[PDB]
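Participant: Sending over a structure as structure tokens; questions will come in a sec.
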Amino acid sequence: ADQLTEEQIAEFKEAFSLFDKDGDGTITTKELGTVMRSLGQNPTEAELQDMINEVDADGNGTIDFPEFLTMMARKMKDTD
Amino acid sequence: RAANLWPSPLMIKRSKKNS
Ligand SMILES: [Ca+2]
Ligand SMILES: [Ca+2]
């Protein structure tokens with residue numbers, strides 16, 4: 001079977017390699033804003049707060065591997 | 001939504017992975 005895949009999963013691990021620079025392997029307000037900051041201007045703290053609150057359903061503002069595995073997989077049927 | 005604004009930076013990551 002397709003036991004040894006490592007096709008798409010290789011790109012998930014890349015997130016904790018290109019997105020985070022602290023060596024934590026988690027997505028917080030810091031990594032969420034740093035990319036936008038050098039992509040299309042950084043929003044206000046309030047806007048950033050709401051953004052991480054709109055993703056972190058656990059209530060800590062941090063996404064680990066187990067969370068990321070579901071976050072970057074449960075795509076909606078509608079595209080923005 | 002964050003679930004879209006998250007995929008966006010990831011798309012940038014994909015671009016970096018290519019570049
Ligand atoms: Ca970090
Ligand atoms: Ca979380």
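Chains: A, B, ... in order of the structure tokens. Residues: from 1 per chain. Ligands: from 1, in order shown.
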May I have a table of the residues of chain B lying at most 8 Å from chain A, giving each one's closest pair of atoms and their distance in Å to one decimal, counting only C-alpha atoms, ordered by chain and ascending residue number, as JSON lines?

Facilitator:
{"residue": "B:1", "atom": "CA", "partner": "A:54", "partner_atom": "CA", "distance": 6.7}
{"residue": "B:2", "atom": "CA", "partner": "A:55", "partner_atom": "CA", "distance": 5.3}
{"residue": "B:3", "atom": "CA", "partner": "A:55", "partner_atom": "CA", "distance": 6.3}
{"residue": "B:4", "atom": "CA", "partner": "A:80", "partner_atom": "CA", "distance": 7.2}
{"residue": "B:6", "atom": "CA", "partner": "A:32", "partner_atom": "CA", "distance": 7.7}
{"residue": "B:7", "atom": "CA", "partner": "A:72", "partner_atom": "CA", "distance": 7.2}
{"residue": "B:9", "atom": "CA", "partner": "A:35", "partner_atom": "CA", "distance": 6.6}
{"residue": "B:10", "atom": "CA", "partner": "A:15", "partner_atom": "CA", "distance": 7.0}
{"residue": "B:13", "atom": "CA", "partner": "A:18", "partner_atom": "CA", "distance": 6.6}
{"residue": "B:14", "atom": "CA", "partner": "A:11", "partner_atom": "CA", "distance": 7.6}

Participant: Could those selected residues go to a file with N, CA, C and O atoms, as a short mmCIF file (atom, residue, chain, number, x, y, z; two decimals), in the first residue's frame?

Facilitator:
data_model
loop_
_atom_site.label_atom_id
_atom_site.label_comp_id
_atom_site.auth_asym_id
_atom_site.auth_seq_id
_atom_site.Cartn_x
_atom_site.Cartn_y
_atom_site.Cartn_z
N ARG B 1 -10.95 34.73 6.96
CA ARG B 1 -10.81 33.81 8.12
C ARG B 1 -9.36 33.38 8.29
O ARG B 1 -8.61 33.33 7.32
N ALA B 2 -8.97 33.07 9.52
CA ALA B 2 -7.61 32.64 9.82
C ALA B 2 -7.28 31.38 9.06
O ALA B 2 -6.13 31.16 8.67
N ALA B 3 -8.27 30.55 8.82
CA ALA B 3 -8.06 29.32 8.09
C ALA B 3 -7.72 29.58 6.64
O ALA B 3 -7.42 28.66 5.91
N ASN B 4 -7.94 30.80 6.18
CA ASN B 4 -7.56 31.21 4.83
C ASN B 4 -6.29 32.06 4.90
O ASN B 4 -5.40 31.97 4.06
N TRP B 6 -4.07 31.75 6.98
CA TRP B 6 -2.99 30.85 7.39
C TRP B 6 -2.44 30.17 6.12
O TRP B 6 -1.24 30.16 5.89
N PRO B 7 -3.32 29.55 5.30
CA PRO B 7 -2.95 28.97 4.00
C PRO B 7 -2.19 29.94 3.10
O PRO B 7 -1.32 29.53 2.34
N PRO B 9 0.14 32.48 3.91
CA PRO B 9 1.58 32.41 4.23
C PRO B 9 2.18 31.06 3.85
O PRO B 9 3.34 30.97 3.44
N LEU B 10 1.39 30.00 3.99
CA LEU B 10 1.85 28.66 3.64
C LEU B 10 2.10 28.58 2.13
O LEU B 10 3.00 27.89 1.67
N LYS B 13 5.25 29.99 1.61
CA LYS B 13 6.24 29.00 2.00
C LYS B 13 6.48 28.05 0.84
O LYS B 13 7.62 27.68 0.56
N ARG B 14 5.40 27.65 0.16
CA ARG B 14 5.50 26.76 -0.99
C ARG B 14 6.32 27.43 -2.08
O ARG B 14 7.14 26.80 -2.73
#

Participant: Could you list, as a list in words, all residues that come within 6 Å of ligand 2? Count only C-alpha atoms and all ligand atoms.

Facilitator: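 These are the residues that qualify: residues 56, 58, 60, 61, 62 and 63 of chain A.
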
Participant: Next, the residues of the selection above should be written as a PDB file, in the first residue's frame with N, CA, C and O atoms.

Facilitator:
ATOM      1  N   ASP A  56      -6.690  29.516  16.607  1.00  0.00           N
ATOM      2  CA  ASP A  56      -6.462  28.730  17.807  1.00  0.00           C
ATOM      3  C   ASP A  56      -7.768  28.523  18.559  1.00  0.00           C
ATOM      4  O   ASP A  56      -8.247  29.423  19.249  1.00  0.00           O
ATOM      5  N   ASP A  58      -8.125  26.169  20.785  1.00  0.00           N
ATOM      6  CA  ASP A  58      -7.792  25.613  22.090  1.00  0.00           C
ATOM      7  C   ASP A  58      -7.767  26.704  23.163  1.00  0.00           C
ATOM      8  O   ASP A  58      -8.011  26.440  24.344  1.00  0.00           O
ATOM      9  N   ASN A  60      -5.078  29.359  23.532  1.00  0.00           N
ATOM     10  CA  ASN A  60      -3.748  29.667  24.050  1.00  0.00           C
ATOM     11  C   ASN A  60      -2.927  30.450  23.028  1.00  0.00           C
ATOM     12  O   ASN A  60      -1.868  30.982  23.353  1.00  0.00           O
ATOM     13  N   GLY A  61      -3.416  30.511  21.792  1.00  0.00           N
ATOM     14  CA  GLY A  61      -2.715  31.249  20.751  1.00  0.00           C
ATOM     15  C   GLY A  61      -1.496  30.513  20.237  1.00  0.00           C
ATOM     16  O   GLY A  61      -0.541  31.126  19.761  1.00  0.00           O
ATOM     17  N   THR A  62      -1.513  29.197  20.349  1.00  0.00           N
ATOM     18  CA  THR A  62      -0.401  28.385  19.896  1.00  0.00           C
ATOM     19  C   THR A  62      -0.897  27.127  19.190  1.00  0.00           C
ATOM     20  O   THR A  62      -1.831  26.460  19.653  1.00  0.00           O
ATOM     21  N   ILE A  63      -0.283  26.830  18.050  1.00  0.00           N
ATOM     22  CA  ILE A  63      -0.622  25.645  17.276  1.00  0.00           C
ATOM     23  C   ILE A  63       0.592  24.730  17.148  1.00  0.00           C
ATOM     24  O   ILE A  63       1.635  25.132  16.625  1.00  0.00           O
TER      25      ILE A  63
END

Participant: Using DSSP on the backbone coordinates, identify the residues of chain B assigned to alpha helix (DSSP H); present them as a ChimeraX atom specification.

Facilitator: /B:2-5,7-18

Participant: What does the list of residues within 8 Å of ligand 1 look like if you count only C-alpha atoms and all ligand atoms, written as number ranges by chain?

Facilitator: A: 19-28, 30-31

Participant: At what distance in Å, to one decimal, does atom CA of residue A:68 lie from atom CA of residue A:45?

Facilitator: 23.1 Å

Participant: Between atom CA of residue A:64 and atom CA of residue A:29, what is the spacing in Å?

Facilitator: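 Computing it gives 13.2 Å between the two atoms.
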
Participant: With distances taken over only C-alpha atoms, which residue among A:78, A:40, A:46, A:57 lies nearest residue B:12?

Facilitator: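 Between A:78, A:40, A:46, A:57, the residue approaching residue B:12 most closely is A:40.
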
Participant: Just to confirm, what's the straight-line distance from atom CA of residue A:69 to atom CA of residue A:9 in Å (one decimal)?

Facilitator: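 Atom CA of residue A:9 lies 9.1 Å from atom CA of residue A:69.
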